[PDB]
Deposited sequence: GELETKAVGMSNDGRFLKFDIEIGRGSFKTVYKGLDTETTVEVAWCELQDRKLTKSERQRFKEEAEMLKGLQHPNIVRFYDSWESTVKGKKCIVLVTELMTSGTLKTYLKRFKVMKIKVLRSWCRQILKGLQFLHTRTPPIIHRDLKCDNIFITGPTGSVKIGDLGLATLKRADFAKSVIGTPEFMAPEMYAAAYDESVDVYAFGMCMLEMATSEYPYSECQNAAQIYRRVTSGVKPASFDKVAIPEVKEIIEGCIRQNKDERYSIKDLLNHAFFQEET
C-alpha cells in the first residue's frame, strides 16, 4: 500500500482506502510508522475558525492526546491541511449501531459486558481534572474492535469540560433568569441519561421514541412522565430498573456512574 498523504513529522501515513463516510467526515485507513499499527485518518470539513478558536482546538487536542483508557478510543494527533485531519485508534469491528442493525435480541451476557465497558469509559472521563462530559453518547459513537471485541467510546467532538461559573472567564450570574437559562447548568448526569437510552436501545433493538414524528415531540413526553414506548417492552426487570434509574427527568434522582458500576447487575462477572 502506497501513501497518498503524510503528517508533517512523517509519523502518520494516509492510504487511499476509505473505511467510513459521514456527512462532514471521511475516514481513511492510515498507518502509524512509529508502531507499524494502523490508525484511522479522519478528514473533517474545516469551519470558519477564529484565531482564538483555532488556539483552543490545539489546546484541547493536547488534552485529548493525554487520555489513555481501554474503553476510550485513542486520540493521536490533529492538524490542518488543504480541512482538519484527526488521527485516532482504528476500530476494526464497526460501531455498536451496526450490530443492532444486523441482529434483534442481544444476549444478556453481552448486554452486561458491553454496558459495563461503556460505564468504565464514562467513569474515566467524568473523573478527569476537570471532568469531561461527552454530551454525544449514542450507539453510533460506541465502537467494537480487536480480537475480543472490546467496547470503546469514541468521537469526543461535542464534549466539554465541566465548569462551575455561569459564563466562561467572567464571574457573575443573571438575576432575571429565563427558565431555560436556569436549566443550562447541567453536569455529567447528562451522560448517565444518554447511557440509559443506549442501554434501552441495546436491550430492545429499537430506536427510543421511534413512534415520534420529529425532534420537537421527543421532549414533551419525557416531562409529562411518558417514557419511550420501547421502555415498556424491556423483558428483564433488572435491566428495566437500571434504565429507569438513568433516564429519570430530575437529575438528582438518577444513578451516578459509580453507583451503576456497583450495581449487582454489573457486579456479576460472568
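- Gaps without C-alpha coordinates occur at 1-4, 87-91, with positions taken along the deposited sequence from 1.
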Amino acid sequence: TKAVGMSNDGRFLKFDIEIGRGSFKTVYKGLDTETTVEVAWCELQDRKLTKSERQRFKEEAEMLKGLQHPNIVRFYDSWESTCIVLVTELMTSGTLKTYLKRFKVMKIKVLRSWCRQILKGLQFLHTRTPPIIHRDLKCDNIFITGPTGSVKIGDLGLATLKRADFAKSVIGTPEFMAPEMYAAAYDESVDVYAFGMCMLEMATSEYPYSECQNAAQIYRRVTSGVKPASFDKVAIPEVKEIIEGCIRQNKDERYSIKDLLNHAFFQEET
From here on, numbers count along this sequence of modelled residues.
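- Set 90-98 against 157-165 and average the Cα temperature factors; 157-165 ends up higher.
- Per the PDB record, of the two stretches 178-186 and 107-115, 178-186 carries the greater mean B-factor over its C-alpha atoms.
- When the Cα B-factors of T82, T145, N71, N141 are read from the PDB record, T82 comes out highest.
- For the set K48, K65, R56, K29, the PDB entry assigns the largest Cα B-factor to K48.
- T173 sits in the highest third of its chain by CA B factor, as recorded in the PDB entry.
- Sort the chain's modelled residues by C-alpha temperature factor and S256 lands in the lowest third, per the entry.
- When all modelled residues of the chain are sorted by CA temperature factor, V222 is found within the highest third.
- Ranked within its chain, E211 lands in the highest third, by CA B factor from the PDB record.
- The deposited CA B-factor of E34 belongs to the highest third of values across its chain.
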